[PDB]
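Before any questions on binding or motion, here is one chain by itself as structure tokens, the form solved without the DNA.
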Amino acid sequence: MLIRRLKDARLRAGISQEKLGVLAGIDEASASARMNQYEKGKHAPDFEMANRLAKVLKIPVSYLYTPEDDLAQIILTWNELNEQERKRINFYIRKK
């Protein structure tokens, strides 16, 4: 997991390390210590935990794994496009 992606997305959500961890199913007593390990890159969550984090954060989960800043922006923005404008840009890309 890339730590900047997790931290940026948490701060956009307006929630603390603890609340993110508790909503993602970490025991309350461990939640802030565990989230801080993740956010400092001390160790990384399993994919199942990342999905729970992404659902709390309302982002596509692969945003957390995208090292390319410009691709990460596409992911984050796509997340808020309608079905017409998704399929729109889909075929901008499907020609390449």
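A residue's number is simply how far along the shown sequence it sits, counting from 1.
From this point on, the text means the form solved in complex with the DNA, which you will not see here.
The closest heavy atom approach of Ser16 to the DNA in the bound PDB entry falls within 4.5 Å. Put simply, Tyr63 is far from the DNA in the bound PDB entry: not one heavy atom of it is within 4.5 Å. Taking non-hydrogen atoms only, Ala33 approaches the DNA to within 4.5 angstroms in the bound PDB entry. In the bound PDB entry, the DNA sits within 4.5 Å of a heavy atom of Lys42.
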